[PDB]
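Listed here are the chains, written in short residue letters.
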Amino acid sequence: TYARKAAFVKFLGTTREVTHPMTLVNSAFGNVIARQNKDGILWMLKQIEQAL
Amino acid sequence: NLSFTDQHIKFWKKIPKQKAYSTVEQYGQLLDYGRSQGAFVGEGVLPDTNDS
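Residues numbered from 1 in each chain as written, not as in the entry; some residues may be left out. Chains lettered and ligands numbered in written order. Part of a larger assembly, values for the part shown. Heavy atoms only, no water.

For this deposition, the record names cryo-EM as the technique by which the model was determined and cites 3.0 Å as its resolution.

(A) Region of the structure containing the overall build of chain A. Along the backbone of chain A there are 1 helix and 0 strands. With respect to the principal axes defined by its C-alpha atoms, chain A has extents near 70 × 20 × 10 Å. For chain A, the accessible area works out to roughly 5,500 Å², and carbon and sulfur atoms hold 59% of it. (Helix = DSSP H or I, 4+ residues; strand = E, 2+ residues; numbered from the N terminus. Areas by Shrake-Rupley, 256 points an atom, 1.4 Å probe, with all protein chains shown as cover.)

(B) Summary view of the overall build of chain B. Counting secondary structure elements, chain B contains 0 helices and 0 strands. For 52 residues, the compact-globule estimate of 2.2 N^0.38 gives 10 Å, and the C-alpha radius of gyration of chain B, at 26 Å, exceeds that figure by more than 25%. Going through the 52 residues of chain B one by one, you find that 2% of them count as buried. Surface summary for chain B: the accessible area is close to 6,000 Å², and the carbon and sulfur share equals 56%. Here chain B carries 6 positive and 6 negative side-chain charges, and the mean point of each set is 24 Å from the other. (Rg over C-alpha atoms; globule rule 2.2 N^0.38 Å. Buried < 20%, exposed > 50% of the residue type's maximum accessible area, 1.4 Å probe, protein only. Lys, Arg positive; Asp, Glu negative; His and termini not counted. Charge placed at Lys NZ, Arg CZ, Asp CG, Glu CD.)

(C) Just the packing of aromatic side chains, in detail. Within the structure shown, the criterion is met by 0 aromatic pairs over all chains. The ring of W12 of chain B has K17 of chain B lying over it, and the distance from NZ or CZ to the ring centre is 4.6 Å. (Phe/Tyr/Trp six-rings, centres within 6.5 Å; stacked < 30°, edge-to-face > 60°. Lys NZ or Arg CZ within 6 Å of the ring centre and 35° of its normal.)

(D) Looking closely at helix α1 (residues 32–51) of chain A. Spanning 20 residues, α1 of chain A covers 28 Å between terminal C-alpha atoms, matching the ideal 28 Å at 1.5 Å per step. At the N-terminal boundary of α1 of chain A, the capping side chain belongs to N31 of chain A, with an oxygen 2.7 Å from the backbone nitrogen of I33 of chain A. (Expected span 1.5 Å × (residues − 1). Polar contact = N/O pair within 3.5 Å; in protein donor to acceptor, adjacent residues only side chain to side chain.)

(E) Representation of the pattern of salt bridges in the model. All names here are of chain A. The tally for this structure, following the rule as stated, stands at 2 salt bridges over all chains. In this structure, the salt-bridge partner of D39 is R35, at a minimum N-O distance of 3.2 Å. Pair noted here: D39 and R35 are both in helix α1, with a separation of 4 residues, about one helical turn. Given the relative accessible area of 29%, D39 is considered partly exposed. (Salt bridge = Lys/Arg side-chain N within 4 Å of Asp/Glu carboxyl O.)

(F) Just the environment of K38 of chain A, in detail. Residue and element names in this part refer to chain A. Secondary-structure assignment places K38 in helix α1. Residue classification places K38 among the partly exposed positions, given a relative accessible area of 47%. Here the alpha-carbon distance between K38 and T1, two residues 37 residues apart in the chain, equals 50 Å.

(G) Quick look at a nonpolar patch on the surface. All names here are of chain A. Together, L12, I41, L42, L45, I48 and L52 make up a nonpolar patch on the protein surface, roughly 680 Å² of accessible area in all. As for its placement among the helices and strands, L45 is situated in helix α1. Judged by its relative accessible area of 48%, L45 falls in the partly exposed class. (Patch = residues over 30% accessible without salt bridge, like charges linked within 9 Å, V, L, I, M, F, W, Y side chains within 5 Å.)

Given below as structure tokens:
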């Protein structure tokens, strides 16, 4: 007896926004784009962990 | 001679003179640079469009 099975690829994503003046002023804790990127990466990693 | 001469003609000898090539002569004018809309926008928004 034999069988054949299939699996379907799915899609995940998120979006991040930063206004233009925010990138011109001084910052207390470093560049903001990198911080937003890190936050998004960690958030999506947690979502992947729970979706698994 | 008890009348005028060509020395008394003033304005005809002072107005600039240019050549013409037709009975109708056209020229272009620039009347304005834009409408009197608001110039202040709020944070990261797209400003309105203006035309001359």
